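Beneath this line is the structure, given in structure tokens, with notes to follow.
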Amino acid sequence: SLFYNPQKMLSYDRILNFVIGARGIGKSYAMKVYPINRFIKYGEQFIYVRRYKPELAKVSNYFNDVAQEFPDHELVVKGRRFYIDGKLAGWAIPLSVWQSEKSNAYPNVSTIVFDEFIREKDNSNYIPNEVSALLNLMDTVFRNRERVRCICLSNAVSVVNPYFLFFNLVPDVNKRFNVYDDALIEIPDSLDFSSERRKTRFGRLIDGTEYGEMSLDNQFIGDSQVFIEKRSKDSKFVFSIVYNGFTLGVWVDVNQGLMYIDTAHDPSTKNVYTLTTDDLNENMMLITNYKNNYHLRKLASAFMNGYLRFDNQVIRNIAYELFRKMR
Amino acid sequence: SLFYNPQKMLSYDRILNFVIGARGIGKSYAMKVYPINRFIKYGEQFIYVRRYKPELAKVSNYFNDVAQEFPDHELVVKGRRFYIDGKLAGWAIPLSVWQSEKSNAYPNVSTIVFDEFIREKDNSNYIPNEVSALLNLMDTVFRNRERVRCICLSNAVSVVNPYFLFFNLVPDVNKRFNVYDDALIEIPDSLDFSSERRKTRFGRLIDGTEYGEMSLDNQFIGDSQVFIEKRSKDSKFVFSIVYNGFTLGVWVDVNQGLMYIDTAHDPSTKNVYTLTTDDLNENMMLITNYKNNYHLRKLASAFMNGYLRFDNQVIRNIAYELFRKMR
Amino acid sequence: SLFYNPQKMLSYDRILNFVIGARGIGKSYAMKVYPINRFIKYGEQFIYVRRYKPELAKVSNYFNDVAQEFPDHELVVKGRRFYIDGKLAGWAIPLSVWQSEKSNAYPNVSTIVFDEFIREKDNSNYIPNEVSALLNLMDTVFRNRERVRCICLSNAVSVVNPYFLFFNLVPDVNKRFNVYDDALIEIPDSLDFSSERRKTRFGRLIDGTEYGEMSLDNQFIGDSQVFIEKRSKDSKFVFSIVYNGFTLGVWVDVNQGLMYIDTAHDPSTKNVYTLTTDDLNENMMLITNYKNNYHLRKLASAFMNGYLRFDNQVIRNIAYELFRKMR
Amino acid sequence: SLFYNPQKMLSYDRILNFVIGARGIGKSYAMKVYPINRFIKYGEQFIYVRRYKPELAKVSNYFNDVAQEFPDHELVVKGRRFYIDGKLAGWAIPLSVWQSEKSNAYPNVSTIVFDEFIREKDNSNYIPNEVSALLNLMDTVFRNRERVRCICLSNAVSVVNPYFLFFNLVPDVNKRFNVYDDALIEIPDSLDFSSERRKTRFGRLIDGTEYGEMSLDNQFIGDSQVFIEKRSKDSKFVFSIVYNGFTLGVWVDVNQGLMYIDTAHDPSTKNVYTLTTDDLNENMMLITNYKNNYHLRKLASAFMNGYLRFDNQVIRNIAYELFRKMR
Amino acid sequence: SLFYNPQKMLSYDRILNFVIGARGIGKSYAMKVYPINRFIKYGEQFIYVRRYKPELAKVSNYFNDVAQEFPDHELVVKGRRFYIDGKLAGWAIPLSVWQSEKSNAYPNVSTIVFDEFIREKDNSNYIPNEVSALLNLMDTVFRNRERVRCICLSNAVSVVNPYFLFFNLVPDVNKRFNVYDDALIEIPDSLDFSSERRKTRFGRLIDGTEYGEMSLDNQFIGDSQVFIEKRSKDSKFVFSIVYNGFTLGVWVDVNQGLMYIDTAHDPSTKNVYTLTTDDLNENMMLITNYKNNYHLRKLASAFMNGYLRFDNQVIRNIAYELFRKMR
Ligand SMILES: Nc1ncnc2c1ncn2[C@@H]1O[C@H](COP(=O)(O)OP(=O)(O)OP(O)(O)=S)[C@@H](O)[C@H]1O
Ligand SMILES: Nc1ncnc2c1ncn2[C@@H]1O[C@H](COP(=O)(O)OP(=O)(O)OP(O)(O)=S)[C@@H](O)[C@H]1O
Ligand SMILES: Nc1ncnc2c1ncn2[C@@H]1O[C@H](COP(=O)(O)OP(=O)(O)OP(O)(O)=S)[C@@H](O)[C@H]1O
Ligand SMILES: [Mg+2]
Ligand SMILES: [Mg+2]
Ligand SMILES: [Mg+2]
């Protein structure tokens with residue numbers, strides 16, 4: 001039948017599953033045809049979350065088109081109310097319109113799906129405190145923790161969303177499913193998706209020119225800050241510096257005379273330095289602004305040239321801000 | 001002659017036309033007539049995007065100035081929706097919520113019936129990457145390669161907006177048309193320019209001399225952004241200043257000594273200078289505040305003098321911004 | 001009389017009505033009444049024009065104070081709607097919001113209405129492209145050759161303002177009215193101001209004592225920067241600069257050896273000091289805060305001493321602003 | 001008694017009523033009882049005045065605490081307007097939105113009330129020439145002569161004020177009312193000082209410590225800043241300064257070098273110096289780059305020593321800010 | 001004891017209340033439970049005082065536990081307010097804006113809530129005269145002190161802060177209950193986080209992640225501000241200084257080359273240093289920052305290395321700041 005069925009991501013037993021990164025043409029129908037069926041089978045109530053209030057008028061549609069699947073049950077949709085057997089089965093909620101839903105009747109639900117969670121192509125429009133609210137949302141509208149499902153379908157090709165900014169996820173393009181103790185990021189039908197888009201440019205060559213626009217192909221490309229060098233030695237080393245309560249050693253090597261800055265503490269503890277007296281101690285000395293720079297003339301020249309290398313991007317940023325303060 | 005004349009625009013028949021000029025001077029007249037002409041031919045309904053929502057509460061009189069074009073049949077508005085003899089005419093919405101629209105069926109489109117797509121000196125209105133927003137709009141008004149023909153229409157001619165140089169849309173003041181695969185750059189006849197500007201000279205003499213200023217001249221002729229003297233020559237590559245991710249270099253031609261800022265490459269592997277740490281890696285060298293004025297002594301002096309010359313407008317803008325950064 | 005009516009001013013029929021200062025002369029309510037009379041007797045629509053959107057309370061602040069003076073006619077206030085004798089002809093017009101203007105069809109308004117024209121010590125966030133904005137509005141409404149008038153009044157006598165400077169008008173207290181090829185200027189009388197000053201002094205001693213204060217003088221006579229010395233002379237020419245639009249040319253007189261500043265410029269290949277590259281070209285020269293001071297120490301020491309006299313008021317203004325920039 | 005009593009305050013009944021002292025002792029409530037007594041029995045309309053937008057929005061609550069005073073009448077705030085007995089009784093107008101509001105309706109005005117006309121522990125957050133905006137208000141309200149009042153209320157005696165310094169008044173700390181033909185300066189009674197202070201002490205003992213805190217005394221008896229040394233002597237002077245439109249003389253003592261800054265400005269061709277660029281005369285000299293340090297060495301050292309002595313509070317402060325601007 | 005009991009704090013029932021050094025798990029839990037229950041049983045209004053504007057969105061997320069203690073009370077978040085059972089409970093405002101909202105009088109406030117009056121291990125930028133502004137608020141809202149309290153919670157144990165120095169407090173952190181006439185200082189037992197956090201985590205892991213908010217971890221950790229030894233020496237002093245109204249006298253012990261910073265300083269003819277004009281008087285001597293080193297080279301050197309000593313861990317604050325004034 002259909003290539004993709006959410007049965008795998010449901011049976012994974014993971015509390016949090018994220019079907020994010022595809023069109024949703026088959027996906028949304030796939031996991032919208034099941035919940036009404038679970039209601040009819042085991043009285044299992046269901047909630048869909050639209051991104052915001054005006055989307056309530058866009059959710060009444062599907063009950064009509066699912067007619068072929070649901071012949072023998074009376075189908076009614078009344079704003080938020082979902083009526084099957086002339087009875088309440090599901091509820092659709094906006095994120096900002098939440099107050100009236102706090103006292104609303106949600107006896108037992110194990111599904112909350114976010115669709116179009118990001119306002120697509122607004123000026124990064126933010127819904128106030130999405131996840132700071134969502135924590136109490138999950139613990140409140142749902143009954144318990146045993147068998148609770150918090151899912152997010154996506155249509156936008158999002159390298160990250162503010163929800164991810166909170167949870168701080170680290171997925172990969174390779175792993176179709178990204179499973180953890182709690183969470184699971186799923187990238188749907190990646191090849192077919194791409195193929196499913198290919199064919200539409202055959203239906204319209206001007207859409208071929210539109211695809212040729214680097215904007216369409218650059219949302220498949222992520223951008224961020226990147227590391228510089230990941231280096232270490234196996235030989236002698238001399239200096240030591242500390243800043244903002246964090247210590248950075250200095251490594252040297254005679255072979256090519258190279259110079260690295262890697263984590264190294266010397267209980268011998270000579271010439272330990274800071275830029276600012278917020279890290280004062282009887283051992284360290286408040287460095288003169290630039291004379292100590294000339295003392296570390298080799299370090300200065302290594303910064304000017306390529307002779308300075310490091311083993312982290314975090315060490316990169318700390319060292320770089322120190323360099324900016326150095327002059 | 002007399003008015004705005006879309007005959008050549010319709011004639012050369014790009015699937016996507018691109019015209020500019022005539023601020024309020026019928027740049028919207030003929031193009032609001034044309035959808036009703038398609039309706040008298042009994043074609044398809046049109047789509048009207050708006051920049052924002054308040055702009056909608058007053059604009060229900062969209063057919064007032066086309067009655068004197070076509071007094072014959074019924075051209076009215078029931079409210080938000082436009083009706084010609086009672087049949088649906090225009091799908092009329094601002095930008096904010098097109099995503100909620102994009103799952104609806106849109107089988108009938110005729111033409112693009114919006115103007116002031118981009119306003120001069122107006123980016124607070126703008127939405128980030130709205131060029132791809134128009135891409136989503138077009139693909140959600142596409143069913144095949146037919147039924148659609150598009151126009152852009154800015155009040156004046158500029159060469160700095162992302163769309164142009166993204167498509168290398170280059171205006172020509174000697175010739176009316178500039179032709180590409182699908183993109184045209186045009187303006188009404190220079191003879192029609194003479195006729196209509198002379199018509200404005202007639203009557204309100206103050207409204208004529210206000211056109212005598214370049215203030216009202218540039219709105220319709222579009223002579224803008226060509227500010228610095230600019231040339232090019234065959235000198236040798238000497239220096240290159242990697243700034244914010246650019247391979248900018250300097251040609252120095254001693255015969256008739258001037259510095260030309262054209263872009264090129266040689267395997268110099270030296271003399272490449274960076275003014276930021278983000279553009280620095282382990283094969284180029286960093287330069288602090290003053291040392292640019294000394295190592296690029298030729299650059300500094302030729303900038304202070306009139307001896308510095310330029311090649312391209314984008315290079316001119318980024319170089320002046322750099323000249324602001326260098327202190 | 002009590003409240004002068006501007007028909008004698010309107011007699012000349014130039015579109016621009018530059019009335020300045022006149023705190024409390026009743027130009028406000030005269031320009032309220034006049035379009036009402038025009039609509040009543042002929043049928044011409046009217047629009048109350050301000051600069052910004054946020055003011056909505058001016059539904060009642062404009063129309064109540066002038067509602068009663070009409071003896072035997074009907075008026076209706078419907079928010080942004082104004083009705084005279086059951087005829088809808090009046091609405092509020094914001095300038096900061098230009099976009100709604102470019103959608104709205106123009107009501108046939110004989111004269112645009114505007115007082116509080118000048119900004120006195122505002123936050124300086126006025127409308128950019130201000131004179132261009134007024135030109136765009138004038139072109140937008142009545143694109144035909146039918147003539148349209150405008151009335152604009154300033155709270156206090158600011159001798160130079162962006163539009164006044166822009167169209168190179170010049171003020172003259174001695175002659176109340178002023179006429180050019182396409183311009184009309186006007187100044188308030190002194191008899192009415194004297195009468196009102198006696199009214200305040202005899203009425204209450206608070207404003208009787210406040211009359212001797214500077215601010216009340218400014219409310220009638222409009223104290224400006226004219227007080228500083230302002231003369232020119234026919235001495236020999238010495239030096240020349242260009243500053244963001246004005247080509248200052250400075251003369252020197254050995255007799256008493258002072259220095260004079262005039263807008264007259266000597267066409268000469270001598271070095272011209274440009275403070276900003278926005279005036280850079282082949283022959284001008286860019287200079288920074290040190291060497292301009294070192295080579296124009298003549299000018300600077302002459303300025304701190306009593307050794308400068310300016311030809312024109314705008315010359316004084318631009319010279320002082322430039323000196324502030326240099327400081 | 002404990003309540004704030006305005007009987008002797010109205011005993012003179014002048015329009016400029018600077019009411020000082022008794023921080024937060026219900027003087028503002030005693031005000032609030034007044035415009036009710038005026039409007040209800042007479043129909044006159046009142047004006048509420050405060051600097052900034054938060055105090056514009058929540059003025060209803062400041063009227064809500066009035067909903068207990070007059071039971072029979074109806075007191076409702078619609079929008080940001082006060083309705084007493086179902087009729088419009090007053091308006092609350094902020095200052096910063098001032099110019100546009102100059103054209104507000106004043107069919108009749110009773111009292112323009114402004115708490116905290118002195119700034120409270122802030123950083124120069126005075127609307128520049130706030131006095132100009134206030135006096136423009138009184139000018140605009142002055143169309144209906146009879147019974148106009150402009151009440152301004154504060155909480156501490158302070159010659160550190162644009163107001164008192166601007167009107168060149170000499171306040172007193174013991175004369176219960178410093179009166180002129182137009183204005184009043186009120187220091188509250190003595191018995192109620194003790195009454196409220198014992199009230200604070202009895203209610204709580206850290207309130208007694210506040211009674212030991214000099215801040216409470218300043219908010220009760222006022223800071224005249226008389227503490228800084230002050231004297232004068234017949235001895236002559238060397239230099240002469242003008243700052244912020246005020247002359248200034250530097251008396252020099254024959255013996256002991258006790259420098260005086262008394263206002264002894266003899267009209268002389270002697271050298272006179274300023275620092276603010278607004279001060280320029282044909283007779284006097286400007287000073288820059290710390291030349292004044294090399295001219296008045298003895299004054300600089302004398303202030304850096306205990307030698308200097310200031311004749312007047314206005315003189316003393318003005319010298320302070322001049323020193324602040326010097327560096 | 002597993003649960004902190006705010007009964008312990010209100011058993012001593014002092015008006016001035018400082019709950020400091022809490023871990024903010026059980027202390028925050030109980031403190032959150034306290035006030036709404038107190039109002040519900042009796043009735044009270046509360047103010048949620050905070051630092052700045054960016055934290056205005058944090059207040060809307062506060063009832064994650066209290067509603068759990070109220071299975072039958074519905075607390076609805078209305079923007080920046082809370083409604084208990086549909087009734088406006090109190091209000092939440094950033095502290096600094098209160099100065100603008102200074103003069104507003106509120107009916108009868110019982111508990112004045114504040115959190116983290118001391119902000120530890122950060123920038124900790126504090127507006128000048130914060131304590132004076134807080135006392136201004138206290139004076140503003142109070143006439144009758146019948147059972148009114150000002151409660152503040154901070155998660156730090158430290159005697160160096162604006163408030164303790166302001167009130168001349170000397171609480172010893174080793175103990176757990178120091179008292180003043182109307183103030184109380186306590187340190188809650190650290191073992192209070194357990195039964196609040198790892199019980200609800202030991203239940204289920206997804207519950208432990210439900211705890212979260214990612215901010216409890218900052219408060220739980222504790223740090224000691226002591227850097228070097230604090231001692232007093234029996235060798236006599238040489239120089240003395242006065243800073244921001246806080247005196248100081250530097251002592252020297254030639255043996256072992258030490259210097260001490262005991263505040264106890266002997267007045268004599270030797271006039272002290274000063275750094276700002278306000279602090280200056282008719283007897284003391286003031287110096288510029290550069291000549292400060294040329295007076296106390298030994299102070300300079302003791303700031304370079306670790307020669308200088310201290311007498312109290314709070315003194316190190318004044319020393320650090322005055323060092324920064326040296327620049
Ligand atoms: N075929 C035409 N017949 C008559 N007038 C025309 C014709 N074409 C253009 N015009 C002129 O165009 C004016 C109205 O054109 P508009 O629709 O305003 O064009 P526009 O440039 O879009 O200006 P805006 O900003 O859209 S209102 C009329 O008042 C005429 O002066
Ligand atoms: N038709 C009228 N009926 C009655 N009073 C009028 C009329 N026209 C003007 N006035 C008077 O004009 C006086 C001045 O009010 P405004 O009309 O606001 O003056 P204004 O000239 O706009 O002041 P400026 O120049 O804008 S600062 C008022 O006191 C009115 O009584
Ligand atoms: N008749 C009254 N008797 C006693 N206290 C009163 C009375 N009327 C008001 N108050 C109280 O006075 C206090 C301060 O209110 P305000 O009227 O604003 O004081 P104020 O004198 O105006 O000083 P500010 O700076 O305006 S708050 C409040 O606590 C009121 O409850
Ligand atoms: Mg148009
Ligand atoms: Mg006016
Ligand atoms: Mg008050």
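Simple scheme: letters A, B, ... for chains in structure tokens order, numbers from 1 for residues in each chain, numbers from 1 for ligands in the order shown.
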All residues 12 Å or closer to residue 175 (chain C), only C-alpha atoms, same chain fewer than 5 positions away omitted, as a count of residues only:
7
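For residue 231 (chain D), the residues within 10 Å (counting only C-alpha atoms, excluding itself and residues fewer than 2 positions away along the chain) are residues 229, 233, 258, 259, 260, 261, 262, 308, 309, 310, 311 and 312 of chain D.
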With only C-alpha atoms and all ligand atoms counted, collect every polymer residue having an atom within 12 Å of ligand 5; state the result as a PyMOL selection string.
(chain C and resi 19-32+48-50+61-62+113-118+151-156) or (chain D and resi 99-105+140)
Could the residues in this selection be saved with N, CA and C atoms as a compact mmCIF listing (two decimals), in the first residue's frame?
```txt
# COMPACT_ATOMS: atom_id res chain seq x y z
N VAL C 19 1.50 79.62 5.45
CA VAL C 19 1.22 80.44 6.62
C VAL C 19 2.01 79.86 7.79
N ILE C 20 2.67 80.74 8.54
CA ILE C 20 3.69 80.34 9.51
C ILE C 20 3.32 80.88 10.88
N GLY C 21 3.60 80.09 11.91
CA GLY C 21 3.38 80.55 13.27
C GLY C 21 1.90 80.74 13.54
N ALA C 22 1.54 81.95 13.99
CA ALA C 22 0.15 82.33 14.22
C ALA C 22 -0.53 81.38 15.21
N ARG C 23 -0.02 81.38 16.43
CA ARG C 23 -0.63 80.57 17.48
C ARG C 23 -1.95 81.20 17.88
N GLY C 24 -3.06 80.54 17.54
CA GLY C 24 -4.36 80.98 17.97
C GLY C 24 -5.04 82.00 17.10
N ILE C 25 -4.72 82.06 15.80
CA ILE C 25 -5.39 83.03 14.94
C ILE C 25 -6.68 82.47 14.37
N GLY C 26 -6.93 81.18 14.55
CA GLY C 26 -8.11 80.60 13.96
C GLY C 26 -7.93 80.12 12.55
N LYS C 27 -6.70 80.02 12.05
CA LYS C 27 -6.50 79.32 10.79
C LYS C 27 -6.92 77.87 10.91
N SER C 28 -6.74 77.27 12.09
CA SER C 28 -7.17 75.89 12.28
C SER C 28 -8.65 75.75 11.98
N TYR C 29 -9.47 76.56 12.62
CA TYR C 29 -10.91 76.38 12.47
C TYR C 29 -11.40 76.98 11.16
N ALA C 30 -10.67 77.94 10.60
CA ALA C 30 -11.00 78.43 9.27
C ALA C 30 -10.79 77.35 8.22
N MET C 31 -9.68 76.61 8.32
CA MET C 31 -9.42 75.49 7.41
C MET C 31 -10.28 74.28 7.75
N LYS C 32 -10.87 74.25 8.94
CA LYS C 32 -11.95 73.30 9.19
C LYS C 32 -13.21 73.69 8.44
N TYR C 48 -9.13 65.49 6.02
CA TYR C 48 -8.27 66.10 7.02
C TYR C 48 -6.95 65.34 7.10
N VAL C 49 -5.87 66.01 6.72
CA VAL C 49 -4.58 65.36 6.49
C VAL C 49 -3.66 65.61 7.67
N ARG C 50 -3.20 64.53 8.29
CA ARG C 50 -2.14 64.56 9.29
C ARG C 50 -0.97 63.73 8.80
N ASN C 61 -11.84 65.77 17.97
CA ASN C 61 -11.05 66.97 18.21
C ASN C 61 -11.05 67.91 17.01
N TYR C 62 -11.39 67.41 15.82
CA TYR C 62 -11.41 68.25 14.63
C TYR C 62 -12.76 68.92 14.44
N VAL C 113 -5.75 70.09 3.42
CA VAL C 113 -5.80 70.88 4.65
C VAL C 113 -4.75 70.36 5.62
N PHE C 114 -3.94 71.27 6.18
CA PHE C 114 -2.83 70.88 7.02
C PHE C 114 -2.31 72.08 7.82
N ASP C 115 -2.45 72.04 9.15
CA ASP C 115 -1.66 72.94 9.97
C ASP C 115 -0.89 72.07 10.97
N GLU C 116 -0.25 72.72 11.94
CA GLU C 116 0.85 72.14 12.74
C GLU C 116 1.92 71.52 11.83
N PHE C 117 2.29 72.26 10.78
CA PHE C 117 3.20 71.72 9.77
C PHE C 117 4.60 71.48 10.33
N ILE C 118 5.10 72.39 11.15
CA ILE C 118 6.50 72.31 11.57
C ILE C 118 6.62 71.34 12.74
N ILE C 151 -3.17 73.98 1.81
CA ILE C 151 -2.95 74.93 2.90
C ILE C 151 -2.16 74.23 3.99
N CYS C 152 -1.05 74.85 4.39
CA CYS C 152 -0.15 74.30 5.39
C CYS C 152 0.31 75.40 6.33
N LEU C 153 0.18 75.14 7.63
CA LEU C 153 0.48 76.10 8.68
C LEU C 153 1.41 75.50 9.72
N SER C 154 2.38 76.29 10.16
CA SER C 154 3.35 75.89 11.17
C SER C 154 3.00 76.55 12.50
N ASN C 155 3.31 75.86 13.60
CA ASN C 155 2.99 76.38 14.92
C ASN C 155 3.82 77.62 15.25
N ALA C 156 5.11 77.59 14.94
CA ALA C 156 6.04 78.65 15.29
C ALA C 156 6.88 79.01 14.07
N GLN D 99 2.72 68.13 20.33
CA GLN D 99 2.45 69.04 19.22
C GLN D 99 1.08 68.79 18.61
N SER D 100 0.80 67.54 18.23
CA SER D 100 -0.48 67.21 17.61
C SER D 100 -1.64 67.53 18.54
N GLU D 101 -1.45 67.32 19.84
CA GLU D 101 -2.50 67.54 20.82
C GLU D 101 -2.73 69.02 21.11
N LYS D 102 -1.90 69.90 20.55
CA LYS D 102 -2.15 71.33 20.70
C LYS D 102 -3.47 71.74 20.07
N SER D 103 -3.92 71.01 19.04
CA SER D 103 -5.19 71.29 18.38
C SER D 103 -6.37 70.58 19.03
N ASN D 104 -6.25 70.20 20.30
CA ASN D 104 -7.35 69.54 20.99
C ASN D 104 -8.46 70.54 21.29
N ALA D 105 -9.65 70.01 21.56
CA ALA D 105 -10.78 70.85 21.90
C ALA D 105 -10.63 71.43 23.31
N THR D 140 -3.09 77.32 25.07
CA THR D 140 -4.20 76.76 24.30
C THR D 140 -5.47 76.68 25.14
```
As a ChimeraX atom specification, please: the residues near region 33-40 of chain D (cut-off 10 Å, only C-alpha atoms, same-chain neighbours under 6 positions excluded).
/D:27,46-47,66,69-70,73,75,84-85,87-90,109-113
Take the residues that were just selected and, keeping C-alpha atoms, output them as a PDB file, in the first residue's frame.
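Below is the file part.pdb, written as the result:
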```
ATOM      1  CA  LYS D  27      -2.727  65.761  48.351  1.00  0.00           C
ATOM      2  CA  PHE D  46     -10.743  68.937  33.925  1.00  0.00           C
ATOM      3  CA  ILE D  47      -7.329  67.959  32.571  1.00  0.00           C
ATOM      4  CA  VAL D  66     -12.671  57.783  42.989  1.00  0.00           C
ATOM      5  CA  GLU D  69     -16.250  59.372  46.839  1.00  0.00           C
ATOM      6  CA  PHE D  70     -19.460  60.416  45.021  1.00  0.00           C
ATOM      7  CA  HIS D  73     -23.233  60.258  40.415  1.00  0.00           C
ATOM      8  CA  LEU D  75     -18.233  57.732  37.351  1.00  0.00           C
ATOM      9  CA  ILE D  84     -19.239  61.819  35.478  1.00  0.00           C
ATOM     10  CA  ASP D  85     -23.037  61.586  35.705  1.00  0.00           C
ATOM     11  CA  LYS D  87     -21.270  63.145  30.704  1.00  0.00           C
ATOM     12  CA  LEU D  88     -17.732  63.841  29.526  1.00  0.00           C
ATOM     13  CA  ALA D  89     -16.014  65.580  32.436  1.00  0.00           C
ATOM     14  CA  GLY D  90     -12.282  65.435  31.764  1.00  0.00           C
ATOM     15  CA  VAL D 109     -11.254  74.066  30.804  1.00  0.00           C
ATOM     16  CA  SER D 110     -11.164  74.128  34.607  1.00  0.00           C
ATOM     17  CA  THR D 111      -7.838  72.788  35.880  1.00  0.00           C
ATOM     18  CA  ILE D 112      -4.760  71.168  34.341  1.00  0.00           C
ATOM     19  CA  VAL D 113      -3.312  68.957  37.080  1.00  0.00           C
TER      20      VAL D 113
END
```
Provide as a PyMOL selection string the residues of chain C at most 9 Å from chain D, counting only C-alpha atoms.
chain C and resi 23-24+28+50+55+58+60-62+64-65+116+119-122+155+200+203-210+215-216+219+228-229+303-307+324
Tell me which protein, DNA and RNA residues are within 9 Å of residue 326 (chain E), counting only C-alpha atoms, leaving out same-chain ones fewer than 5 positions away, and put them as a ChimeraX atom specification.
/E:275,288-290,292-293,321
Residue list (strand (DSSP E or B), DSSP) for region 112-154 of chain B, as a PyMOL selection string:
chain B and resi 112+150+153-154
Let me see the file: selected residues, N, CA, C and O atoms, as an mmCIF file, in the first residue's frame.
```cif
data_model
loop_
_atom_site.group_PDB
_atom_site.id
_atom_site.type_symbol
_atom_site.label_atom_id
_atom_site.label_comp_id
_atom_site.auth_asym_id
_atom_site.auth_seq_id
_atom_site.Cartn_x
_atom_site.Cartn_y
_atom_site.Cartn_z
ATOM 1 N N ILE B 112 -1.960 38.005 -12.992
ATOM 2 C CA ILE B 112 -1.553 38.728 -11.790
ATOM 3 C C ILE B 112 -2.105 40.149 -11.838
ATOM 4 O O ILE B 112 -1.780 40.925 -12.747
ATOM 5 N N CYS B 150 2.104 36.512 -15.198
ATOM 6 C CA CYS B 150 2.445 37.314 -14.037
ATOM 7 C C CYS B 150 3.102 38.621 -14.446
ATOM 8 O O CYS B 150 3.638 38.762 -15.548
ATOM 9 N N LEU B 153 5.611 45.006 -10.641
ATOM 10 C CA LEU B 153 5.395 46.424 -10.909
ATOM 11 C C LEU B 153 5.846 47.232 -9.695
ATOM 12 O O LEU B 153 5.120 47.318 -8.702
ATOM 13 N N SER B 154 7.033 47.817 -9.796
ATOM 14 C CA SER B 154 7.543 48.750 -8.807
ATOM 15 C C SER B 154 7.360 50.170 -9.320
ATOM 16 O O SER B 154 7.362 50.416 -10.530
#
```
Extract the full set of alpha helix (DSSP H) residues from region 122-273 of chain A according to DSSP on the backbone, and format it as a ChimeraX atom specification.
/A:130-141,162-167,190-203,205-212,214-218
Using atom 30 (C, counted along the ligand's line) of ligand 2 and CA of residue 83 (chain D) as the two end points, give the distance in Å to one decimal.
25.2 Å
re CA of residue 95 (chain C) and CA of residue 125 (chain C): distance 12.9 Å
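A straight line drawn from CA of residue 41 (chain C) to atom 23 (O, counted along the ligand's line) of ligand 2 is 26.0 Å long.
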